[PDB]
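Enquirer: Take a look at the following structure, please.
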Amino acid sequence: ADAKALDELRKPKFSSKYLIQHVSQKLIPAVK
Amino acid sequence: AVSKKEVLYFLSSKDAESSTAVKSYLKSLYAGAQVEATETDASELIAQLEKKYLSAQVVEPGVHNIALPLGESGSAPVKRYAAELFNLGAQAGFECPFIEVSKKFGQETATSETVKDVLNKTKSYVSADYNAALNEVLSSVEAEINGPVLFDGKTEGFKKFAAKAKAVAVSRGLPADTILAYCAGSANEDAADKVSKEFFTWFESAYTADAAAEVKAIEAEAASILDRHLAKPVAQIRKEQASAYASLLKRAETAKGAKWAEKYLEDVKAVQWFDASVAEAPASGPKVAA
Amino acid sequence: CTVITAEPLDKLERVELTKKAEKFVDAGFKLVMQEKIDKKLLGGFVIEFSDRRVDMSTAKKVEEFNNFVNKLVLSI
Amino acid sequence: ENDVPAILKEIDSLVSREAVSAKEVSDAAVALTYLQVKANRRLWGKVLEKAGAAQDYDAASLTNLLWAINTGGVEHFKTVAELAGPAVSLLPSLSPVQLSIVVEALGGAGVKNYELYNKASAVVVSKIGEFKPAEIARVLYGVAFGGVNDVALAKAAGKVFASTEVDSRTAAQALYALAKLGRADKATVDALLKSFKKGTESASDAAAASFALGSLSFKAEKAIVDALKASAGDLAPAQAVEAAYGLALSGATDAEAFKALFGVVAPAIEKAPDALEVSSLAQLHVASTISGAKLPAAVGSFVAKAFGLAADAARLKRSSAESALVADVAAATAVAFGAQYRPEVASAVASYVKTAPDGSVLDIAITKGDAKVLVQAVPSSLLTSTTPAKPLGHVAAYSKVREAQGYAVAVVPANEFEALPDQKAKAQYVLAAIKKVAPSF
Amino acid sequence: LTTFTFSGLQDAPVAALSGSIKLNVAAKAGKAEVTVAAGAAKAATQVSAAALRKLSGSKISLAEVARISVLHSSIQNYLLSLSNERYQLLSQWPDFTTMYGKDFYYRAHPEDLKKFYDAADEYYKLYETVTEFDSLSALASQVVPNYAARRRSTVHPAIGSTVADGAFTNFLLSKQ
Amino acid sequence: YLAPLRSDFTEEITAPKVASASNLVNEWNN
């Protein structure tokens, strides 16, 4: 609802972090 | 679900979604859970690849939390911005940028013996205005010797090349003697400190000019973007932005099951929550639980 | 034959290298394993038979590593 | 006629208008720290927003504001590191008391501004007699935590601590500055240790004194520990962790002092396991293992696992002139155990990397059956910046917590590893260092 | 901040500088009797010498709540401060509505009157597009990915030309 | 407001390409 949290509201929203996580998850086993 | 090497990078991280994952992980370890064995394998190529693709996961939430000093007068917010980039690089696992680009130089030309292939293999990591000013000096030493001047240190041709390259370096504006006497070390702590303070004065001016150049690039891009946007009538702007927003929504909406897709749509739900929460009471900001 | 490496060869390294290079002859033939030095190789060895070649050096290994990485990342 | 929330409402309406200048911002923040308002975050945020927005600054208002930021325990790195414009531009106008306050309060926030710290150090060492010992201690704290390895100001502070007499809090501050600087100079630490005799008025002075003695690896003091044991309820858990870590690094046998130190930390961990940093839980496991004082059931195993996590995170984020040192020392260890060629050396280096029981990864760990050894490289970051160049307290911390795992830690420090000619001499030194710990290897 | 700070009741501010909020303390031996007045509400309490030392025990750690990110909000703040500099010169546009009357219609050339009405419609276009302020939050995302991929460096986020050139002198001019 | 997510690294170290000043102030003053 309203008044979510502060540590949930400190997140930088549309940063990448998960395209990086997707490439690091689909690359590292396949390069190993 | 942290994978025991991702969480080892987020222990000294200070942003939100990494520290929340660490807090959930540490509350899992408080409730009697074992920690996984840290893997002592995957020889140094995969090690530096995991470091490269894991420090990006600490840098990318960290860049979007660092406000640019756009349109500011003074070197104090530029130094705030460069210091926040330094703390971000130290949280992500990088060292001092001087040490890291020196390590990139020593990693690039470890097997090159002429100065010319040092200048041709460190080409990207130096500016073109400096690589040309070193290539003409190298060509002049090649005219003086008519033999490939070797990169040894005991070869005298390298010495008479470096005696011009130091003048090139000080004429560019950076004191090569202060840098060399810092990174070589000194005898006692007093004459080491006397050059450490001057190298840090140069280094402060160096990264401050770097961040100032980056901010002037963003300022010129923002002025060009606005002056190209203010030339359009409003209906063209609104249909272009609705088209861009809808197309970039559906680019994440077709792909389903991935983490970035659900994170993107959870972020759009959080943005719409922010608009609703600023709509409910607009003179007091958004509602935060306190 | 001709072997080109990054360092002068060691007396266990040489026995392991002539032990590996006897696999590549498709007979019961002998081999006058020659030695050469190239610092451009980052270690490893290149066995040159003048009609065959293996490159178990580190230079082609990191080149193939970078190429497989740069080919994989554009498909993910 | 004496109310906190109504005057909080009026101070909130003071900084919520449009054009508040510097002086009302400063006095709002000063009044907020004198009213102890850590529970209200948003009003502090309004104050720091208008503190970032105000463009004029006199010396007194910038000094009052940075004092309020410092003793209010509030960090926001953007608005504090952006306050250094008024600190460099108003530097000749500052009185040395205000200069001490601005340099301390900008040093505490980790502000990386070398022009400010060089121009404050030049002012202090050019006119040293105009400064009280508290003032040189605060400027030493500020330049120490600001990333400057200023040793000329460390010597000029050591002169005044040699001649004159300081308070308890002033000596604890200068000890904390020399402990982050990594000094361990007996002619200054021993000159500041004679101030902890008439009692420490607050517990944080004794806590930072014990931590500075632990991280400089001197001794226990027998009076800092008791002044800390009579007041170990005042401290936040991340302060009592660092106090107990500095005490166990300093060889403390007081069971009641460690009991009072853990009596605030372990209920705080049992309330919130995540509230402390993983480096702090590692400090608690070090202090629990060296001292041997007990923790509850879900705390000791938890901080052992957290020490394993922190040792791994210190492995992954190495200095890469330290990973070269680990490669060098593992090569010398594989040579000293018998290998005269490269492939035996390389296979033994890759087979010396056995793992620890808590989950961490040890670089050079050799097991000859029932006897285990460990070799650890101490690069430059864990070495003292003075002329003996002895290793710091974290070295002995890692050593004494590995030794209670079943290992025998043989310190190989890079001041005594770099001056040797070849790998045979380095093998000789590593072999002499392993034999000096356990001669059964 | 650090974990051990050393401020409180020692070289402290003892009096206000503003006329809007009136603070005063009582600097005694250990303790302090403060009195603070901010308008019609008053507070006069007492803080101990060990009561300001425990103030920096729990850290505040002020962190920002932004709509998208602090980066995107800083870029958008700059774009709005550029829109204001355009809007201040749309504010100095000469009032053409005073010349809309028919005593300027039939006096003027037909082509100059068509030019004048085109100029008025051009002003309305410029003014309606410089006050489309909700498009700035979409323009600011056209600066974010290029900048954020500049900081996704293989070397260091804070790297630049000057630091790499200085370290290239240090790499080159030292031996090998 | 939402942006295309990119996952690519910058290997080279270049000057950040300060773009040209547009003519909007001159055109609107004209």
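Ordered as shown in the structure tokens, chains take letters A, B, and onward, while each chain numbers its residues from 1 and ligands are numbered from 1 in the order shown.
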Write out as CSV the residues of chain B that have any atom within 10 Å of an atom of chain A, one row each with the nearest atom pair and its distance in Å to one decimal, counting only C-alpha atoms, sorted by chain and then rising number.
Expert:
```
residue,atom,partner,partner_atom,distance
B:6,CA,A:21,CA,9.6
B:15,CA,A:11,CA,7.3
B:16,CA,A:11,CA,5.1
B:17,CA,A:11,CA,6.1
B:18,CA,A:11,CA,9.3
B:19,CA,A:7,CA,9.0
B:20,CA,A:7,CA,7.5
B:42,CA,A:32,CA,7.2
B:43,CA,A:32,CA,9.6
B:45,CA,A:32,CA,9.8
B:46,CA,A:32,CA,7.2
B:47,CA,A:28,CA,9.9
B:49,CA,A:28,CA,8.1
B:50,CA,A:28,CA,7.2
B:52,CA,A:24,CA,9.5
B:53,CA,A:24,CA,6.0
B:54,CA,A:24,CA,7.7
B:55,CA,A:20,CA,9.9
B:56,CA,A:20,CA,7.1
B:57,CA,A:17,CA,5.1
B:58,CA,A:17,CA,7.9
B:59,CA,A:17,CA,8.5
B:60,CA,A:17,CA,5.8
B:61,CA,A:15,CA,6.0
B:62,CA,A:12,CA,8.2
B:63,CA,A:15,CA,8.4
B:64,CA,A:12,CA,5.9
B:65,CA,A:12,CA,6.2
B:66,CA,A:12,CA,9.8
B:258,CA,A:22,CA,7.9
B:259,CA,A:18,CA,6.5
B:260,CA,A:18,CA,5.0
B:261,CA,A:18,CA,8.8
B:263,CA,A:18,CA,8.0
B:264,CA,A:14,CA,6.9
B:265,CA,A:14,CA,9.9
B:266,CA,A:13,CA,9.1
B:267,CA,A:13,CA,5.8
B:268,CA,A:13,CA,8.5
B:270,CA,A:13,CA,8.4
B:271,CA,A:13,CA,8.4
B:273,CA,A:2,CA,8.3
B:274,CA,A:2,CA,9.5
B:276,CA,A:2,CA,9.1
B:277,CA,A:2,CA,6.9
B:280,CA,A:2,CA,9.6
B:286,CA,A:3,CA,7.8
B:287,CA,A:3,CA,4.5
B:288,CA,A:3,CA,4.2
B:289,CA,A:3,CA,4.4
B:290,CA,A:5,CA,7.8
```
Enquirer: Please, could you write that set of residues out with N, CA and C atoms as a compact mmCIF listing (two decimals), in the first residue's frame?
Expert:
```txt
# COMPACT_ATOMS: atom_id res chain seq x y z
N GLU B 6 28.23 -13.57 -6.11
CA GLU B 6 27.59 -12.27 -6.21
C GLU B 6 27.46 -11.62 -4.85
N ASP B 15 24.53 0.31 -1.98
CA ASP B 15 23.28 0.68 -2.62
C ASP B 15 22.14 -0.16 -2.04
N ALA B 16 20.98 -0.11 -2.68
CA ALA B 16 19.77 -0.59 -2.02
C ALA B 16 19.54 -2.07 -2.25
N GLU B 17 19.39 -2.48 -3.50
CA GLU B 17 18.96 -3.84 -3.80
C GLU B 17 20.06 -4.87 -3.60
N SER B 18 21.32 -4.44 -3.56
CA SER B 18 22.37 -5.37 -3.18
C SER B 18 22.41 -5.56 -1.67
N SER B 19 22.31 -4.47 -0.91
CA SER B 19 22.35 -4.59 0.54
C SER B 19 21.11 -5.27 1.09
N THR B 20 19.97 -5.15 0.41
CA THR B 20 18.79 -5.88 0.85
C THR B 20 18.94 -7.38 0.61
N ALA B 42 38.57 -22.61 -11.84
CA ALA B 42 38.24 -21.68 -12.92
C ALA B 42 39.38 -20.68 -13.15
N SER B 43 40.45 -21.22 -13.75
CA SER B 43 41.73 -20.55 -13.97
C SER B 43 41.61 -19.18 -14.62
N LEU B 45 41.56 -16.79 -16.57
CA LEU B 45 40.71 -16.18 -17.59
C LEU B 45 39.26 -16.09 -17.11
N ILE B 46 38.72 -17.18 -16.57
CA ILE B 46 37.35 -17.14 -16.05
C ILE B 46 37.29 -16.30 -14.79
N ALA B 47 38.39 -16.22 -14.04
CA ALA B 47 38.42 -15.39 -12.84
C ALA B 47 38.30 -13.91 -13.19
N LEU B 49 37.11 -12.80 -15.99
CA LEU B 49 35.82 -12.59 -16.64
C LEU B 49 34.69 -12.45 -15.62
N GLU B 50 34.71 -13.26 -14.56
CA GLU B 50 33.72 -13.12 -13.50
C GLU B 50 33.90 -11.81 -12.75
N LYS B 52 35.04 -9.04 -14.17
CA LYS B 52 34.56 -8.01 -15.08
C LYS B 52 33.04 -7.96 -15.14
N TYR B 53 32.39 -9.11 -15.15
CA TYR B 53 30.93 -9.13 -15.20
C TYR B 53 30.28 -9.12 -13.83
N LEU B 54 31.06 -9.04 -12.76
CA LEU B 54 30.51 -8.89 -11.43
C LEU B 54 30.74 -7.52 -10.83
N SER B 55 31.82 -6.83 -11.20
CA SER B 55 31.94 -5.45 -10.78
C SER B 55 31.01 -4.54 -11.56
N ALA B 56 30.54 -4.97 -12.72
CA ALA B 56 29.52 -4.20 -13.42
C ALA B 56 28.19 -4.24 -12.69
N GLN B 57 27.90 -5.33 -11.98
CA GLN B 57 26.68 -5.41 -11.18
C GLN B 57 26.74 -4.57 -9.92
N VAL B 58 27.89 -4.00 -9.58
CA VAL B 58 28.01 -3.14 -8.41
C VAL B 58 28.14 -1.72 -8.92
N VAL B 59 28.68 -1.57 -10.13
CA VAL B 59 28.83 -0.24 -10.71
C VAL B 59 27.49 0.28 -11.23
N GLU B 60 26.71 -0.57 -11.89
CA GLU B 60 25.48 -0.09 -12.52
C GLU B 60 24.34 0.35 -11.59
N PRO B 61 24.10 -0.27 -10.43
CA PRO B 61 23.24 0.43 -9.47
C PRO B 61 23.93 1.61 -8.84
N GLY B 62 25.25 1.66 -8.88
CA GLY B 62 25.95 2.73 -8.20
C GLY B 62 26.08 3.99 -9.02
N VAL B 63 26.07 3.87 -10.35
CA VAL B 63 26.14 5.06 -11.18
C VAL B 63 24.82 5.80 -11.14
N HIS B 64 23.71 5.05 -11.15
CA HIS B 64 22.40 5.67 -11.14
C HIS B 64 22.02 6.24 -9.79
N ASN B 65 22.85 6.10 -8.76
CA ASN B 65 22.64 6.78 -7.50
C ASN B 65 23.54 7.98 -7.33
N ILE B 66 24.38 8.28 -8.32
CA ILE B 66 25.35 9.37 -8.23
C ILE B 66 24.86 10.49 -9.13
N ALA B 258 12.35 -13.93 -17.71
CA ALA B 258 13.66 -13.44 -17.32
C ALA B 258 13.56 -12.56 -16.08
N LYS B 259 14.72 -12.25 -15.50
CA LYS B 259 14.74 -11.40 -14.32
C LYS B 259 14.63 -9.93 -14.68
N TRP B 260 15.25 -9.51 -15.79
CA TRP B 260 15.21 -8.09 -16.14
C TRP B 260 13.84 -7.67 -16.62
N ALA B 261 13.07 -8.59 -17.20
CA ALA B 261 11.73 -8.25 -17.66
C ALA B 261 10.79 -7.99 -16.50
N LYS B 263 11.76 -7.28 -13.52
CA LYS B 263 12.29 -6.14 -12.77
C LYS B 263 11.91 -4.83 -13.44
N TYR B 264 11.90 -4.80 -14.77
CA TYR B 264 11.45 -3.63 -15.52
C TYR B 264 9.99 -3.33 -15.25
N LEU B 265 9.15 -4.36 -15.26
CA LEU B 265 7.72 -4.11 -15.05
C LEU B 265 7.42 -3.80 -13.59
N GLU B 266 8.17 -4.38 -12.65
CA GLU B 266 8.04 -3.97 -11.25
C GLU B 266 8.50 -2.54 -11.05
N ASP B 267 9.48 -2.09 -11.85
CA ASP B 267 9.90 -0.70 -11.76
C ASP B 267 8.87 0.25 -12.34
N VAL B 268 8.18 -0.16 -13.41
CA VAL B 268 7.11 0.69 -13.94
C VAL B 268 5.95 0.76 -12.95
N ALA B 270 6.42 0.60 -9.73
CA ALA B 270 6.90 1.49 -8.67
C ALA B 270 6.87 2.95 -9.09
N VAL B 271 7.08 3.23 -10.38
CA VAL B 271 7.00 4.61 -10.87
C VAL B 271 5.55 5.10 -10.84
N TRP B 273 3.30 3.95 -8.80
CA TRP B 273 3.05 4.17 -7.38
C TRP B 273 3.60 5.52 -6.93
N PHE B 274 4.77 5.91 -7.43
CA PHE B 274 5.34 7.19 -7.03
C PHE B 274 4.48 8.35 -7.51
N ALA B 276 1.21 8.17 -8.04
CA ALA B 276 0.01 8.16 -7.20
C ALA B 276 0.28 8.71 -5.80
N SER B 277 1.43 8.36 -5.22
CA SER B 277 1.74 8.79 -3.87
C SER B 277 2.10 10.26 -3.80
N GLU B 280 -1.41 11.99 -3.91
CA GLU B 280 -2.24 11.98 -2.70
C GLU B 280 -1.92 13.15 -1.78
N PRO B 286 6.54 12.04 -1.30
CA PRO B 286 5.93 10.71 -1.29
C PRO B 286 5.86 10.15 0.12
N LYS B 287 4.96 9.19 0.29
CA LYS B 287 4.77 8.55 1.58
C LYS B 287 5.84 7.49 1.78
N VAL B 288 6.66 7.66 2.81
CA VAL B 288 7.65 6.66 3.22
C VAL B 288 7.28 6.19 4.62
N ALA B 289 7.30 4.87 4.83
CA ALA B 289 6.96 4.29 6.12
C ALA B 289 7.98 4.69 7.17
N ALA B 290 7.52 5.38 8.20
CA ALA B 290 8.40 5.83 9.27
C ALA B 290 7.65 5.86 10.60
```
Enquirer: As a ChimeraX atom specification, list the residues of region 35-204 of chain B assigned to helix (DSSP H, G or I) by DSSP on the backbone atoms of this structure.
Expert: /B:44-63,76-92,97-108,115-121,128-145,156-172,176-184,189-204
Enquirer: Could those selected residues go to a file with C-alpha atoms, as an mmCIF file, in the first residue's frame?
Expert:
```cif
data_model
loop_
_atom_site.group_PDB
_atom_site.id
_atom_site.type_symbol
_atom_site.label_atom_id
_atom_site.label_comp_id
_atom_site.auth_asym_id
_atom_site.auth_seq_id
_atom_site.Cartn_x
_atom_site.Cartn_y
_atom_site.Cartn_z
ATOM 1 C CA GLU B 44 42.589 -16.910 -14.333
ATOM 2 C CA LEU B 45 40.706 -16.184 -17.585
ATOM 3 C CA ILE B 46 37.352 -17.138 -16.054
ATOM 4 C CA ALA B 47 38.423 -15.385 -12.842
ATOM 5 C CA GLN B 48 38.959 -12.038 -14.544
ATOM 6 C CA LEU B 49 35.816 -12.595 -16.635
ATOM 7 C CA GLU B 50 33.723 -13.120 -13.498
ATOM 8 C CA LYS B 51 35.364 -10.056 -11.966
ATOM 9 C CA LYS B 52 34.561 -8.007 -15.080
ATOM 10 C CA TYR B 53 30.934 -9.128 -15.203
ATOM 11 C CA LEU B 54 30.510 -8.887 -11.426
ATOM 12 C CA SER B 55 31.942 -5.447 -10.777
ATOM 13 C CA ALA B 56 29.516 -4.201 -13.422
ATOM 14 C CA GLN B 57 26.681 -5.412 -11.181
ATOM 15 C CA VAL B 58 28.006 -3.142 -8.413
ATOM 16 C CA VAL B 59 28.827 -0.241 -10.712
ATOM 17 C CA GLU B 60 25.478 -0.089 -12.517
ATOM 18 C CA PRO B 61 23.243 0.430 -9.473
ATOM 19 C CA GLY B 62 25.953 2.730 -8.198
ATOM 20 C CA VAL B 63 26.141 5.060 -11.183
ATOM 21 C CA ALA B 76 33.311 21.450 -5.266
ATOM 22 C CA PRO B 77 30.399 19.466 -6.816
ATOM 23 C CA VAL B 78 32.730 18.212 -9.543
ATOM 24 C CA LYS B 79 34.966 16.901 -6.773
ATOM 25 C CA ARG B 80 31.920 15.403 -5.046
ATOM 26 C CA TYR B 81 31.058 13.604 -8.271
ATOM 27 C CA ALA B 82 34.573 12.322 -8.861
ATOM 28 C CA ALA B 83 34.875 11.244 -5.221
ATOM 29 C CA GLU B 84 31.598 9.338 -5.446
ATOM 30 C CA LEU B 85 32.907 7.616 -8.555
ATOM 31 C CA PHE B 86 36.063 6.731 -6.603
ATOM 32 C CA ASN B 87 34.067 5.258 -3.725
ATOM 33 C CA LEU B 88 31.984 3.360 -6.273
ATOM 34 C CA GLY B 89 35.092 1.940 -7.921
ATOM 35 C CA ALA B 90 36.445 0.914 -4.535
ATOM 36 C CA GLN B 91 33.146 -0.728 -3.569
ATOM 37 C CA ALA B 92 33.013 -2.612 -6.866
ATOM 38 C CA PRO B 97 42.281 4.605 -11.302
ATOM 39 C CA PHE B 98 45.962 5.423 -11.662
ATOM 40 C CA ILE B 99 46.867 1.916 -10.491
ATOM 41 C CA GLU B 100 44.166 0.334 -12.628
ATOM 42 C CA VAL B 101 45.169 2.024 -15.862
ATOM 43 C CA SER B 102 48.831 1.297 -15.070
ATOM 44 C CA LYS B 103 47.792 -2.332 -14.667
ATOM 45 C CA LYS B 104 46.001 -2.126 -18.018
ATOM 46 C CA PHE B 105 49.199 -0.779 -19.573
ATOM 47 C CA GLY B 106 51.304 -3.540 -18.033
ATOM 48 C CA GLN B 107 48.718 -6.096 -19.107
ATOM 49 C CA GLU B 108 48.566 -4.748 -22.663
ATOM 50 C CA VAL B 115 58.313 1.499 -28.278
ATOM 51 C CA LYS B 116 56.297 1.665 -31.507
ATOM 52 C CA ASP B 117 54.272 -1.441 -30.700
ATOM 53 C CA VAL B 118 53.812 -0.128 -27.167
ATOM 54 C CA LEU B 119 52.257 2.961 -28.759
ATOM 55 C CA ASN B 120 50.241 0.778 -31.148
ATOM 56 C CA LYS B 121 48.953 -1.577 -28.438
ATOM 57 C CA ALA B 128 44.942 10.705 -29.835
ATOM 58 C CA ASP B 129 46.426 14.143 -29.129
ATOM 59 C CA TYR B 130 49.026 12.429 -26.940
ATOM 60 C CA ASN B 131 49.613 9.394 -29.143
ATOM 61 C CA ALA B 132 50.390 11.668 -32.094
ATOM 62 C CA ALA B 133 52.740 13.784 -29.978
ATOM 63 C CA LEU B 134 54.546 10.596 -28.978
ATOM 64 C CA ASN B 135 54.527 9.155 -32.505
ATOM 65 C CA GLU B 136 56.273 12.212 -33.935
ATOM 66 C CA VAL B 137 58.968 11.997 -31.227
ATOM 67 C CA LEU B 138 59.351 8.287 -31.975
ATOM 68 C CA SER B 139 59.654 9.081 -35.692
ATOM 69 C CA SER B 140 62.336 11.680 -34.922
ATOM 70 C CA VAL B 141 64.315 9.147 -32.876
ATOM 71 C CA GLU B 142 63.884 6.725 -35.795
ATOM 72 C CA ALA B 143 65.362 9.380 -38.087
ATOM 73 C CA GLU B 144 68.251 9.855 -35.641
ATOM 74 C CA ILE B 145 69.047 6.140 -35.361
ATOM 75 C CA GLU B 156 70.517 4.223 -24.758
ATOM 76 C CA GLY B 157 68.055 5.030 -27.553
ATOM 77 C CA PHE B 158 65.205 4.667 -25.084
ATOM 78 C CA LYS B 159 67.012 7.112 -22.784
ATOM 79 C CA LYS B 160 67.366 9.786 -25.447
ATOM 80 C CA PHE B 161 63.748 9.141 -26.433
ATOM 81 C CA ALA B 162 62.552 9.545 -22.841
ATOM 82 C CA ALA B 163 64.523 12.772 -22.462
ATOM 83 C CA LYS B 164 62.259 14.244 -25.158
ATOM 84 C CA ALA B 165 59.154 12.444 -23.901
ATOM 85 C CA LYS B 166 59.514 14.071 -20.484
ATOM 86 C CA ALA B 167 59.483 17.461 -22.219
ATOM 87 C CA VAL B 168 56.427 16.308 -24.190
ATOM 88 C CA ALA B 169 54.762 15.292 -20.923
ATOM 89 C CA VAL B 170 55.463 18.565 -19.134
ATOM 90 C CA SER B 171 54.435 20.573 -22.224
ATOM 91 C CA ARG B 172 51.117 18.707 -22.197
ATOM 92 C CA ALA B 176 56.343 13.776 -15.193
ATOM 93 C CA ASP B 177 58.988 14.205 -12.487
ATOM 94 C CA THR B 178 56.390 14.429 -9.698
ATOM 95 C CA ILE B 179 54.599 11.327 -10.987
ATOM 96 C CA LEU B 180 57.832 9.361 -11.407
ATOM 97 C CA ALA B 181 59.142 10.336 -7.987
ATOM 98 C CA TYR B 182 55.828 9.306 -6.457
ATOM 99 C CA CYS B 183 55.519 5.938 -8.168
ATOM 100 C CA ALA B 184 59.187 5.093 -7.665
ATOM 101 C CA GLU B 189 58.999 9.767 4.848
ATOM 102 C CA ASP B 190 59.616 13.528 4.584
ATOM 103 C CA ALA B 191 60.910 13.600 1.001
ATOM 104 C CA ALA B 192 58.352 10.913 0.150
ATOM 105 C CA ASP B 193 55.557 13.042 1.600
ATOM 106 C CA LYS B 194 56.850 16.144 -0.196
ATOM 107 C CA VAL B 195 56.252 14.409 -3.533
ATOM 108 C CA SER B 196 53.142 12.520 -2.358
ATOM 109 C CA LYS B 197 51.382 15.816 -1.653
ATOM 110 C CA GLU B 198 52.324 17.160 -5.088
ATOM 111 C CA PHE B 199 51.282 13.972 -6.887
ATOM 112 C CA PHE B 200 47.957 14.086 -5.091
ATOM 113 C CA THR B 201 47.620 17.746 -6.089
ATOM 114 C CA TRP B 202 48.158 16.778 -9.727
ATOM 115 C CA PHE B 203 45.912 13.723 -9.379
ATOM 116 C CA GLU B 204 43.118 15.774 -7.840
#
```
Enquirer: Report the closest atom pair, with its distance in Å rounded to one decimal, for each residue of chain E that has an atom no farther than 7 Å from chain A; count only C-alpha atoms, sort by chain and then rising residue number, and write it as a tab-separated table.
Expert:
```
residue	atom	partner	partner_atom	distance
E:63	CA	A:10	CA	6.8
E:64	CA	A:10	CA	6.4
E:65	CA	A:10	CA	5.7
E:68	CA	A:13	CA	5.2
E:69	CA	A:12	CA	4.6
```
Enquirer: Which residues, written as a PyMOL selection string, have at least one atom at most 7 Å from region 172-176 of chain E, with only C-alpha atoms counted and residues fewer than 6 positions away on the same chain left out?
Expert: chain B and resi 151-153+162
Enquirer: Write out, as a short mmCIF file (atom, residue, chain, number, x, y, z; two decimals), in the first residue's frame, the residues just selected, with N, CA, C and O atoms.
Expert:
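In the end it all went to out.cif:
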```cif
data_model
loop_
_atom_site.label_atom_id
_atom_site.label_comp_id
_atom_site.auth_asym_id
_atom_site.auth_seq_id
_atom_site.Cartn_x
_atom_site.Cartn_y
_atom_site.Cartn_z
N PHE B 151 62.44 -1.01 -26.35
CA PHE B 151 61.87 -0.63 -25.06
C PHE B 151 62.48 -1.53 -23.99
O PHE B 151 61.88 -2.50 -23.54
N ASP B 152 63.71 -1.20 -23.59
CA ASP B 152 64.42 -1.94 -22.55
C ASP B 152 64.68 -1.12 -21.30
O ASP B 152 64.38 -1.58 -20.19
N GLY B 153 65.24 0.08 -21.44
CA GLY B 153 65.63 0.84 -20.27
C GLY B 153 67.14 0.96 -20.18
O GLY B 153 67.66 2.00 -19.78
N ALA B 162 63.25 9.12 -24.05
CA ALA B 162 62.55 9.54 -22.84
C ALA B 162 62.94 10.96 -22.43
O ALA B 162 62.14 11.65 -21.80
#
```
Enquirer: Define the interface residues of chain F facing chain B as those within 8 Å, counting only C-alpha atoms, and report them as a list in words.
Expert: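 Output check: residues 1, 2, 3, 4, 11, 12, 13, 14, 15, 16, 17, 18, 19, 20, 21, 22, 23 and 24 of chain F.
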Enquirer: At a cut-off of 12 Å, can you tabulate as a tab-separated table every residue of chain F near chain C together with its closest atom pair and the distance in Å to one decimal, using only C-alpha atoms and ordering rows by chain then number?
Expert:
```
residue	atom	partner	partner_atom	distance
F:6	CA	C:74	CA	11.7
F:7	CA	C:73	CA	9.2
F:8	CA	C:73	CA	9.0
F:9	CA	C:73	CA	11.1
```
Enquirer: Using only C-alpha atoms, find the residues of chain C whose closest atom to chain D is at most 12 Å away, then write them as a ChimeraX atom specification.
Expert: /C:7-17,43-44
Enquirer: Select all residues from chain E having any atom no more than 10 Å from an atom of chain F (counting only C-alpha atoms, ignoring ligands), output as an MDAnalysis selection string.
Expert: chainID E and resid 68 72 85:86 89:90 92:93 123 126 134:157 159:162 164
Enquirer: List as JSON lines every residue of chain C that is in contact with chain A, defined as an atom at most 10 Å from one of its atoms (using only C-alpha atoms), together with the nearest atom pair and the distance in Å rounded to one decimal, sorted by chain and then rising number.
Expert:
```
{"residue": "C:65", "atom": "CA", "partner": "A:31", "partner_atom": "CA", "distance": 8.2}
{"residue": "C:68", "atom": "CA", "partner": "A:31", "partner_atom": "CA", "distance": 7.7}
{"residue": "C:69", "atom": "CA", "partner": "A:31", "partner_atom": "CA", "distance": 7.3}
{"residue": "C:72", "atom": "CA", "partner": "A:27", "partner_atom": "CA", "distance": 7.0}
{"residue": "C:73", "atom": "CA", "partner": "A:23", "partner_atom": "CA", "distance": 6.8}
{"residue": "C:74", "atom": "CA", "partner": "A:23", "partner_atom": "CA", "distance": 9.6}
{"residue": "C:75", "atom": "CA", "partner": "A:23", "partner_atom": "CA", "distance": 9.6}
{"residue": "C:76", "atom": "CA", "partner": "A:23", "partner_atom": "CA", "distance": 6.4}
```
Enquirer: Tell me, in Å to one decimal, how far CA of residue 437 (chain D) is from CA of residue 279 (chain D).
Expert: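 Straight-line distance from CA of residue 437 (chain D) to CA of residue 279 (chain D) works out to 27.9 Å.
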Enquirer: For chain B, work out the contacting residues on chain D at 8 Å, counting only C-alpha atoms, and write them as JSON, numbers by chain.
Expert: {"D": [78, 81, 82, 83, 84, 85, 111, 112, 113, 114, 115, 118, 149, 150, 151, 152, 273, 274, 277, 278, 298, 299, 302, 305, 309, 310, 312, 313, 316, 317, 318, 319, 353, 354, 355, 359, 360, 361, 386]}
